[PDB]
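Enquirer: Protein chains in written order, with the deposited numbering: chain B, 1 to 164, 174 to 312, 403 to 469; chain E, 1 to 164, 172 to 314, 414 to 476; chain C, 1 to 162, 178 to 320, 421 to 484; chain D, 1 to 306, 374 to 437; chain A, 1 to 306, 374 to 437. We put the CB at the ideal spot given by N, CA and C, even for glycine.
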Amino acid sequence: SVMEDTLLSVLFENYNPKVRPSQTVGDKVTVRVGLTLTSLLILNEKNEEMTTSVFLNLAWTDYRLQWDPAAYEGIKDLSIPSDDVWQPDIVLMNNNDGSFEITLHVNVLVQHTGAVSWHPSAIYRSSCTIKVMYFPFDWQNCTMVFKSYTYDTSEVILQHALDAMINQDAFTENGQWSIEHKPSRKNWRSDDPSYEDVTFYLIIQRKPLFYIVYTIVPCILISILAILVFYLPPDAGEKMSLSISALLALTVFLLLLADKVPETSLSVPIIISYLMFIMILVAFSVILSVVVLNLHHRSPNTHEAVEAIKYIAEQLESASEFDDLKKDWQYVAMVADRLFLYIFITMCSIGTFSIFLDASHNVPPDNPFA
Amino acid sequence: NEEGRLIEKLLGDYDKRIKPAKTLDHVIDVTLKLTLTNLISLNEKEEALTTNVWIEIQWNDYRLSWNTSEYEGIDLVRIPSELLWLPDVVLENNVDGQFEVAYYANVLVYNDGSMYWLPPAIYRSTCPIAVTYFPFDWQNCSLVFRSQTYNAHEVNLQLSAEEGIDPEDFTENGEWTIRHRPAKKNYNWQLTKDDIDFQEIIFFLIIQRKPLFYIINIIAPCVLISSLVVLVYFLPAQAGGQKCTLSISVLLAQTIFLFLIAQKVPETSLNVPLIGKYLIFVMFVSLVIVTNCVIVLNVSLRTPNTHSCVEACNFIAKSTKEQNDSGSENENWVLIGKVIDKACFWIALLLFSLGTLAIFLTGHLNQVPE
Amino acid sequence: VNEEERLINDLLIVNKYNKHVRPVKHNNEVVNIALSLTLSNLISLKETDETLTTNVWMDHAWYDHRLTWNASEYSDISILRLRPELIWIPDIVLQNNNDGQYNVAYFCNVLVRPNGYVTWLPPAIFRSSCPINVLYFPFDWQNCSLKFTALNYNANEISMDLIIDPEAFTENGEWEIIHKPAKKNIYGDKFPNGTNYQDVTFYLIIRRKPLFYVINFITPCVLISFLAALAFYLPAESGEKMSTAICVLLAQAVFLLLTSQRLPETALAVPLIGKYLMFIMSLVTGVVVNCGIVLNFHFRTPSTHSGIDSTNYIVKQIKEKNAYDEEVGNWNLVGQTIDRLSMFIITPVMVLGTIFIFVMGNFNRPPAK
Amino acid sequence: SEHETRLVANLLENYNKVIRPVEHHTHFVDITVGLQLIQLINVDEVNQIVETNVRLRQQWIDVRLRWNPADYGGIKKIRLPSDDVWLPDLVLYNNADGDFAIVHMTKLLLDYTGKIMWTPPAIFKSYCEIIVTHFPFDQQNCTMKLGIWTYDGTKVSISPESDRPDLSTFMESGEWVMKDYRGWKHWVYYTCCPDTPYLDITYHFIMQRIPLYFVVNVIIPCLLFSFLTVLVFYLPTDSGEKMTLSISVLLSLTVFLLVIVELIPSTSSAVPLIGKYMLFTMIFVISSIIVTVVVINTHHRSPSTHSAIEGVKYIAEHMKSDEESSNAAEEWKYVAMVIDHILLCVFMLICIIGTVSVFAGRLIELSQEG
Amino acid sequence: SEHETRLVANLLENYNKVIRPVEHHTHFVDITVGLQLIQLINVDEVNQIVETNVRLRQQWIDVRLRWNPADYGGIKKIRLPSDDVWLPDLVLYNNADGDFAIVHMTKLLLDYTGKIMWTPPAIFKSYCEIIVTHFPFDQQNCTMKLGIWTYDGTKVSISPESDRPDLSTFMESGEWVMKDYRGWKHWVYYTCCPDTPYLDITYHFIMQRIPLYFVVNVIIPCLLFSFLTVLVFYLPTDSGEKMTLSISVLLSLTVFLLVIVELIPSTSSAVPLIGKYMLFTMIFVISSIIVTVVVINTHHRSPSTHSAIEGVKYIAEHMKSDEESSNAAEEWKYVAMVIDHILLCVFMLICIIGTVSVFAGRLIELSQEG
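1) Taking a cut of 8 Å between CB atoms, which residues from the stretch 30-51 of chain E lie near chain D?
2) With 9 Å as the C-beta to C-beta threshold (strictly closer), list the residues of the stretch 375-400 of chain A near chain B in chain order.
3) For a cutoff of 8 Å on Cβ pairs, would you count residue 242/A as touching chain B?
4) Report the partner residues of residue 150/C according to the DSSP bridge assignment.
5) Chain E partners of residue 42/D, CB-CB under 7 Å?
6) Could you tell me the boundaries of the beta strand (DSSP E) in which residue 107/B lies?
7) Of the residues 280/A, 418/A and 411/A, which one's Cα is nearest the Cα of residue 431/A?
8) Report the residue from 73/C, 106/C and 108/C whose alpha carbon sits nearest the alpha carbon of residue 116/C.
9) Given a threshold of 16 other Cβ atoms within 10 Å of its Cβ, counted over all protein chains shown, does residue 267/C qualify as buried or as exposed?
10) Residue 252/E and residue 224/D - do their beta-carbons sit closer together than 8 Å?
11) Can the beta-carbon of residue 275/C be found closer than 8 Å to that of residue 223/B?
12) Am I right that residue 330/C and residue 35/C are in contact with their C-beta atoms under 8 Å? What's the rounded C-beta distance?
13) What does residue 102/A reach in chain B if we use C-beta pairs closer than 7 Å?
14) Kindly say whether residue 238/D, judged by its beta-carbon, lies nearer than 8 Å to any beta-carbon of chain E.
15) For residue 64/D and chain C, any beta-carbon pair shorter than 8 Å?
16) Closer than 8 Å is the cut-off here; do at least three beta carbon pairs connect the stretch 48-61 of chain E with the stretch 106-119 of chain E?
17) Examine the Cβ distances between the stretch 409-417 of chain B and the stretch 24-33 of chain E and report whether three or more of them are shorter than 8 Å.
18) Please state if the CB of residue 64/E and the CB of residue 12/E are separated by a distance shorter than 8 Å.
19) Which class does residue 157/A belong to by DSSP, given the choice of helix, strand or coil?
20) Compute the Euclidean distance between the alpha carbons of residue 95/D and residue 421/D, then round it to the nearest angstrom.
21) State yes or no: is the C-beta of residue 28/B within less than 8 Å of the C-beta of residue 155/B?
22) Is residue 58/B near residue 20/B, with beta carbons less than 8 Å apart?
23) Determine, using beta carbons only, whether residue 424/C comes closer than 8 Å to chain D.
24) Does residue 145/B get closer than 8 Å to chain C when you measure Cβ to Cβ?
25) Helix, strand or coil for residue 220/E? Go by DSSP, reduced to three states.
26) Could you give the C-beta distance for residue 141/B and residue 210/B, rounded to a whole number, given that I count them as a contact under 8 Å?
27) Please look up how many angstroms separate the CB atoms of residue 94/B and residue 152/C, rounded, as I've assumed it's under 8 Å.
28) Pull up the distance between the alpha-carbon of residue 456/E and that of residue 296/A, whole angstroms please.
29) Which residue comes first and which comes last in the beta strand (DSSP E) that contains residue 180/A?
30) Under 8 Å between C-beta atoms, does residue 305/E make it to chain D?
31) Pop quiz: residue 449/E and residue 295/E are said to be a contact at Cβ under 8 Å. What is the actual Cβ separation, rounded to whole angstroms?
32) Taking contact to mean 3 or more Cβ pairs, one atom from each stretch, closer than 8 Å, check whether the stretch 59-66 of chain A and the stretch 115-130 of chain A are in contact.
33) Are residue 201/A and residue 126/A touching if we call contact CB-CB under 8 Å?
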């Protein structure tokens, strides 16, 4: 009773819905912003698009809602729909690639002397620079800048919790990636009067090892038929034609591979590294098989009286066997041996190279997890 | 000039949902017209389209002719949507999607009570293009639209030219073309047996298409293909013995290519419309290509195999010579190529005929509807 | 008329009743709210990303003490309707599966009992991120956990107490629903200094996998395998089909490669385990290897891959001489090795082929354990 | 005039729309519902989705709408805005995949008595069984039940009105054809609860599907592939000299149909059918494989066909005689006789299992055709 | 205090939001537009659609917003939210594909005098020419008009604000690159009506396309194929032993060219490149075609290649000699003299066609690069 109807009344009589919990132009209302992440569902590492979900915990004080006996001293804590406070119509300078879901228009926790607690989980369409640099083992970092899209920091100050909180705090276990750390730094670019956005850093690490495995098999298994086509010559010289069949076959195979590679990066591309040199490794088996094909080509051919008849017989046979013996002199196997071992150098050299680069790529550019 | 009082006077009596109908037995005079401006999606196989239509809306309601303070002030007024009779438009046969930006827009109230309004609308519809619209003779797109709310005994729509156009702003990036747009103003009585006519707006659109890009992708390959098979056909007379199978390699290659085509453009017609006439010449000129093609191997299949002590022994050896000769003789009576050579000219003129039958007829199915 | 005008004026739902005020008889323990979960349908499953679109009947109950009516409300009709904006509605949040706001399970017509008890239960088209993990593929196919409850209120403003999942499991799913337990609870946490919001915890333990991919996929293996199997039987019946035998490698090779290509395609659409994916590609490689083996083994050998008297002696010389050539080749032929090859192809096919369905079983036995 | 203001004002005050015209503890609210289907713009057999239009003919009564000379007297039948009406949450039980569209904001039929109807040109997306048994020749009847959503019998009741076909306005551009469409009513009380539950209208769509496009191309490559198989068998007789050639065409053939089955899975899963069907193709074609298995295995089935001066004349003709009986050996194996049994052996067996394929295929359509 | 409540309330009461600050019958409401694309998110040249960042600077004056010491004296310039403001229905003429995003419920600033700015952070959906002339090396100028949508120069007028580049915030992630962009003002009066119509801002986007990755992959398999066809020339003249062997390649390679066709037309369909680009490939690719067919038909062009005891000796020797003849005949068939001709015949052809292909390539690259 104690002026309850009265209080109650006066409050709703004088209280202003559309007003800011501050008095004039000054230090403003110090709103607390801090989100406990739920998990993330889709990383479009290719366009640098980020759809995650977290809690929008906001909290500041409404010294305009401090109650009295019944709602203050009666029930120190009571729930009341928002819709009555300035809400950070927050957009993300890079990210905020789309609207809020479970972000605004939801109830809030209002304390006795005016404290306000609003904890809503939400899904948000963002876009961070995971750029086409989300695959190097050295990976990269990003700028996630949150802030309102009609308000300018003049009638409120934004403030954070931790900066180490981490993003693996609610990292998706469903992620083909992994994370090292999440930096959180408060910002106010001076290119705009409006103090604004906060930059949040993603020192992301995404190592999904699954198909590069059977990709290796081509390179090496194709090599099987490759070393084979380079081995088949002094193995079965008649490989002559069958050889060409091999490369038709070998080339179509690698071209189909050419088919799956562009359409697969089509959703998760970054530096060429792997492709850069396998591209070379490609060109390598490609041309090596084709010049060996020219190795194959280079051969212009390969690619008394009684006794007289006898004598005429003696000369017939012998005469042309030298001729076909000439073909021997012409297609001997010197090259095959020499370049099948130049094949030895080439393929085992260029092989242990990307082997190496790849080797160097996973270990060397790994520690910049920062 | 009573400016305030007048506004306040009518608004007193101002009636929303009531039509400016003098009385109830002669309806109101409603004017409408549409200027196409965007034909956004042509999915003819399903007979649907999306267009930005200028919904020219006009009618009469002197319920607000004004005085010196509003009529005379300016013979022109722009008053909000929600403030006068509004035709909830839709295309009987087409509009399959509620109008977008076609309503809730500023209307126009001159001074005598003339009302003009014209919102732009992107919406979905379903015109003809029913197993036809892909010819050279075109199916006239007939869209009739009217208010879907009341029926002509209170409402009456007007129109204008039924002779003059859809190509007024027909899109230049369309894979088609328009040649005429007729439009009639009419009463309501359909196949379904509905009475009390609510007048509507008929939209004829007989348009052309077929600006083939795929044509010569189809025309040069087939000639290359025909020649390839005619290679198969004449190449044998030129080709060595190791060519029978040579020819085969081509059949394999020839149809690998073939059904791959059969898979390529069939896809084409499913994502877009469809029609069988042009379809008939291809697959059957194609099946004949295949026919005489396998016929060829069955042709390079046909034939049986082409697919004193001194003298006693001189006697018998002179026999292996004549003996084997009888054998090589076999080859003779078997491979005297009357059928093959002639098979070249067989397919040749047959080629000319299949071609003439087809391109001559393609000449016709472009020339009757020309 | 029995005080009706006056009484609903007494309730005035919106005006007299505090709809923005939840009747929890003021600050105390809580309003006894209860949630009931019944899946009406499961339309889509995404095993790979642990996401599910499913329909639920959001059966809700709580007593609205200000809702109790009198004769011209209560007894006039011991049951009547009143919209959401005129009925207190729990703010049920799909705790770990509402990362996709609820549809038409929102502000819907509710049922008004006579003595305040109210009943609101409409349809929920929802999306969830259930505990798939890369362990939602072994035969147990995990247990999908979900919690439901009134999000906003705590343990002194709300108490929610507590149906099979296959009750409306979708029959067009690529999986199988084995069980679905239901038990409510309430729980505080470390950073919170007080207990609150009670919830409906419903675990769905399921299983899935086709008996169809097995069909057309192993099918080609015994068919293809017989080619590679015959491959070694064929080197005997006629190894002279050198080039043509070579053709078949190209051909059995191109077949092999994109077959594996279709594999990841459906793969990405499905998080496949490492245990199974290897037996597939391991064994096709078994043939791939033996195709390469086919190569060499099929082309592996170095070669197989007195005057009148004077003159004819010349020929008997040329005779014998190239007879040595002729034979230098059969030296290479290696034919008494033939059967052993295809015998030691049989043995291994038996070894590995068995090794697989041997392993098939050694893991087929323990789950059935 | 005629109690002008007194008549419309009184009507608004003591009139309510939230309420339903409940009349004592009995038959519920007499709801009359029906389907008036005139267009089916889009449907997918595969996902069993249907976006059609059916004017929701509703018919029921509310005495409160009865009037005297001041509303009936005004103009017999008057049409009131729907708002005043309690609109049922109708919905497709195992369907309802979409909101009904165009029902809101419409006209309502009122009578001097009270009779009322409102047929809304509702268009919506549906969801009913088609399963893999949707498109056979023997059809399936899509069970479509419709009735009140959240209201039980104790408050509202609906009932059929008339029988009307589904083909009355069925899509002539459909990839299917109808046979019959029946709709009977019922009330469903459940063993669960002792209560009397909702009413509903159950439609059953009986119609056979499948255009013949997929059909023409399944069988063409089959006969064509049976031509090459036929060649497969005939060649060893007319050109066994190309057994290897045969090999090439089996790599050809095989890849082609292995690729044919690729199409199947895409198309089949892209357009639904009862598996029992592909079973036909399965063995029939594994038959060409099982047979080429044996036939070419059998084709390659054969070991390798897959004075003193008087003296040397004798060492020599000896040289020749040894080899001659030897060449007789390789021909000793290619007897050209079993080749004719294999094509005839299988020609009959393919003419028979083909006739077998032909059998259930035609038997099933001697069932469908019906 | 200072007429505190009297201040604030008075203002609310006599002020109609919807009223447009019309000042006598003249100047219209002078309102200026000023678009600053902060950045672009994504574009589809094919569908000519772009999602861009726009901060719309909108200016106008409402002499009704001028104040004295009780509004301006309070705090010079202040923040008043939109709502109360008359928002010009801004619209991109031949564009407009989407609603302005974040135009709604934002705020504006009122000066001690009245002048107001409305500059809400927009990003929206656009629609500009690209025509099949945008992907050129010679680009096309995206014609984009902006201006007042439903109001005339008599009711209102949209004017420009300044010059600024489009590459000022052009997307570095675009598959295209900018040349320049300018925008000048205009007033559109139509010969239709004698009236003075709306004003407009016309954008001109001059940018040239094609990211370079594409460049490398495609021209290299061409010089690739160039060498195989190069080998197609040299292989035969230096070795006619593997003519059929190359039969293979001809199959493997045009099919390679065929499958490259699926890939790049979808590119073609993925990105609109001026068709005259297509002819490059046309003759180029097709000469691979005409050359083959002749080269390989010619490759193919060749008939079959692609005392008494003493007398015994002479009847026998005579036998060896005329077959001696015969051997030379077929070799008199496949000569190595003109295969050399075709080698330089066409290599100059290829160096001609090639250098001719390089011609227009180089030529308009002499125009584009500028």
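Expert: Well, looking at it:
1) Per Cβ criterion, the list reads 46, 47 and 48.
2) If the cut-off is 9 Å between Cβ atoms, the stretch 375-400 of chain A has 376, 377, 379, 380, 381, 383, 384 and 387 near chain B.
3) Counted from its first residue, the fifth sequence places residue 242/A at position 242. Taking 8 Å as the CB threshold, residue 242/A lines the interface with chain B.
4) By one-based count along the third sequence, residue 150/C stands at place 150. Here residue 150/C is bridged, per DSSP, to 92/C.
5) Stepping through the fourth sequence from its first residue, residue 42/D is reached at position 42. By Cβ distance, chain E contributes 46.
6) Looking up residue 107/B in the first sequence gives position 107. Segment 107-111, the beta strand (DSSP E) holding residue 107/B.
7) Stepping through the fifth sequence from its first residue, residue 431/A is reached at position 364. In terms of CA proximity to residue 431/A, 280/A leads the group 280/A, 418/A and 411/A.
8) Mapped onto the third sequence, residue 116/C falls at position 116. Nearest to residue 116/C by C-alpha distance, out of 73/C, 106/C and 108/C, is 73/C.
9) The count along the third sequence starts at 1 and reaches residue 267/C at position 252. Burial is judged here by how many other beta carbons sit within 10 angstroms of a residue's own beta carbon; residue 267/C has at least 16 and is buried.
10) Within the fourth sequence, the letter at position 224 stands for residue 224/D. Within the second sequence, the letter at position 245 stands for residue 252/E. No, the Cβ-Cβ distance between residue 224/D and residue 252/E is not below 8 Å.
11) Position 260 of the third sequence, counted from the start, is the residue given in the question as residue 275/C. Position 214 of the first sequence, counted from the start, is the residue given in the question as residue 223/B. In this structure, residue 223/B lies closer than 8 Å to residue 275/C by Cβ.
12) What the structure lacks is residue 330/C: chain C is numbered 320, then 421, with the residues between left out.
13) Reading the fifth sequence from its first residue, position 102 is the one you call residue 102/A. Near residue 102/A (Cβ distances below 7 Å), the residues of chain B are 149.
14) Position 238 of the fourth sequence, counting from 1, holds the residue named residue 238/D. With 8 Å as the cut-off, residue 238/D counts as an interface residue toward chain E.
15) Counting from one through the fourth sequence, the residue named residue 64/D turns up at place 64. No, its Cβ sits nowhere closer than 8 Å to a Cβ of chain C.
16) In short, these stretches touch, since the Cβ pair count reaches three.
17) These segments do not touch.
18) Here the question's residue 12/E lines up with position 12 in the second sequence. Here the question's residue 64/E lines up with position 64 in the second sequence. No; because the gap between Cβ atoms is not below 8 Å, this pair is not in contact.
19) For the purposes of this step, residue 157/A is taken as residue 157 along the fifth sequence, with counting starting at 1. Secondary structure at residue 157/A: strand, using DSSP grouped into helix, strand and coil.
20) The sequence position of residue 95/D within the fourth sequence is 95, counting from 1. The sequence position of residue 421/D within the fourth sequence is 354, counting from 1. Spanning the two alpha carbons is a distance of roughly 41 Å.
21) In the first sequence, counting from the first residue as 1, residue 28/B sits at position 28. In the first sequence, counting from the first residue as 1, residue 155/B sits at position 155. By the CB criterion at 8 Å, residue 28/B and residue 155/B fall inside the cutoff.
22) Numbered from its first residue, the first sequence carries residue 58/B at position 58. Numbered from its first residue, the first sequence carries residue 20/B at position 20. Judged by their CB atoms, residue 58/B and residue 20/B are not nearer to each other than the 8 Å cut-off.
23) As a working note, residue 424/C is residue 309 in the third sequence. Yes, residue 424/C counts as interfacial toward chain D.
24) Position 145 of the first sequence holds residue 145/B. Residue 145/B has a beta carbon lying at 8 Å or more from every beta carbon in chain C.
25) Against the second sequence, residue 220/E aligns to sequence position 213. Residue state, collapsed to three classes: coil.
26) For this step, residue 141/B is matched to residue 141 along the first sequence. For this step, residue 210/B is matched to residue 201 along the first sequence. Contact holds; Cβ gap of about 5 Å.
27) The count along the first sequence starts at 1 and reaches residue 94/B at position 94. The count along the third sequence starts at 1 and reaches residue 152/C at position 152. Actually they do not touch by this definition, with Cβ atoms about 32 Å apart.
28) Position 350 of the second sequence, counting from 1, holds the residue named residue 456/E. Position 296 of the fifth sequence, counting from 1, holds the residue named residue 296/A. For residue 456/E and residue 296/A, the distance between alpha carbons rounds to 23 Å.
29) Taking the fifth sequence and counting its residues from 1, one reaches residue 180/A at position 180. Segment 176-187, the beta strand (DSSP E) holding residue 180/A.
30) Position 298 of the second sequence holds residue 305/E. Between residue 305/E and chain D, the shortest Cβ-Cβ separation is below 8 Å.
31) As a position in the second sequence, residue 449/E is number 343, starting the count at 1. As a position in the second sequence, residue 295/E is number 288, starting the count at 1. For residue 449/E against residue 295/E, the beta-carbon gap comes to about 14 Å, at or over 8 Å, which does not count as contact.
32) Yes, the stretch 59-66 of chain A touches the stretch 115-130 of chain A.
33) Counting from one through the fifth sequence, the residue named residue 201/A turns up at place 201. Counting from one through the fifth sequence, the residue named residue 126/A turns up at place 126. The answer is no: Cβ separation not under 8 Å.
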